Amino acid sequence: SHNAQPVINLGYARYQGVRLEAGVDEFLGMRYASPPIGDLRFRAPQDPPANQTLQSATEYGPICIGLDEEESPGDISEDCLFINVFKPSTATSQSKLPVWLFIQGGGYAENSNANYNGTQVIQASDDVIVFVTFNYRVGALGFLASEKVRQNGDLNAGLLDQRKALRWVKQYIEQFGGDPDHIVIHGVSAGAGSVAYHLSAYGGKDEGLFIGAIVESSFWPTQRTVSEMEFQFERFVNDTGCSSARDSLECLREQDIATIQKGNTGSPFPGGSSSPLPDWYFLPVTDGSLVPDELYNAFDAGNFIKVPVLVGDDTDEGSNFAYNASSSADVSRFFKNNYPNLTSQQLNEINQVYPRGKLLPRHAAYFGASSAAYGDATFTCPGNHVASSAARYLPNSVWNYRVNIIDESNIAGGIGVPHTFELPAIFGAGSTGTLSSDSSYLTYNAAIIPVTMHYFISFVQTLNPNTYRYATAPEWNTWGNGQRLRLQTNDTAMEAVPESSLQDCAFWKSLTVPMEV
């Protein structure tokens, strides 16, 4: 029945997938690594087990259990290292189609863009691309950091999962009709920060894993050293009831997931106050190998792979994440608690660059400032830095965007054009989860979907968003001296980055040392 129920033979395993009437075949819940359980907890991913029994690929595996989450059979689990492939039904191993490899976000704390459907993008491409998604470890399980982890385990395990998945696609995607020599990686949010790590991995040697990158809302939170995370390891050991054990790591590896989850929770960094808790707690660290340096430094040095880049951000990146500040002091306490090496003087300077501002609906008087400052510090300025850095080497192949899709209910919520709001415009309404009945994507923002989707597909296929852009969409010019496409329903056009934003990014740039970014 492989002429009807598609089977793919990868040698180590054979998977039976699903054929859709859409002319797309799906292979869901394939293993790209061994379950990271027992002794493999807090270790690099290992090869998936060879298995001669037919494997079902008709259903998603669970996503990776993250910070403050609860195990749920089939839904959320430690056993979560799965990869999923969508391909045109007619494609064979000889097809050699461009591959779109999607890396989900979730702040390194959760898997927050999991199981996205590639059917609509494949159909919109006229059936000549392959789409890939996967889960990687997060929270304590993906990002426990200590000399003790590193001496009997591996740092940045969650990013090492991503490396394993990238290598899995390189080794196996040919069997799904993909071209292993034509992979584009696309990261959103923490996945976009991950893309920056993949570009700069080990200092930037091209391992031939991808020929282009989409960086959708960079997320660059504090990136601390191993010694700066010892407090966190010790606290985790305490919370899980493991403090009296001689071998801390062995004891951690014996605890059941429910026990682990007691420590898989946020608390203040040293130097931070009791509230607010940092937005993000378990995080990528400088590990001296995969991650030899801070991202800002590595992109300054040119220590990254020179491939075409599509990179951008929303108008109000910070809106879902910034402290609901009532005062200048609230803004400073928020920043100090997320970047505890900022000085009293640097905090005051932040308040001068981002003063109080217009009142936003449903938020306190200083929330506009909090949100603008945090959006710039953590998302947009990093994105602009990626663009300008890559453009030094490939000025003809670096494209920047600003998403300014206006949704009335976002505006009434005081969140402006929030972080990753364009996701359904890239993948199609319904592809990223069920939309509300009144979603503007089904009404007055419908028209931005074909436009956005076509640019992204075009870049995946040809490394230029213009080649197969939507029929009436404008030409998207490269970064140049700071130029970007504004994506907005009925109002999409090139615009200059204002001198004032470039100045604000130079301000954040002057603070990369205390912020550790």
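In case it trips you up, residue 1 is the first one in the sequence shown, and so on.
Judged by mean Cα B factor in the deposited record, 70-78 ranks above the other of 70-78 and 298-306. Here 227-235 and 372-380 are compared by their mean Cα B-factor, and 227-235 comes out higher. Of the residues listed, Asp316, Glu422, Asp438, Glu216, the entry assigns the biggest Cα temperature factor to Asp438.
Looking only at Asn466, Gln461, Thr478, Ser56, the residue with the top Cα B factor in the deposited structure is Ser56. Split the chain's modelled residues into thirds by C-alpha temperature factor. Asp491 is in the lowest one.
In the deposited entry, the Cα temperature factor of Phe86 places it in the lowest third of its chain's modelled residues. When the CA B factors of the chain's modelled residues are split into thirds, the value for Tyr60 lands in the middle one.
Sort the modelled residues of the chain by CA B factor and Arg41 lands in the highest third. Split the chain's modelled residues into thirds by C-alpha temperature factor. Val386 is in the lowest one.
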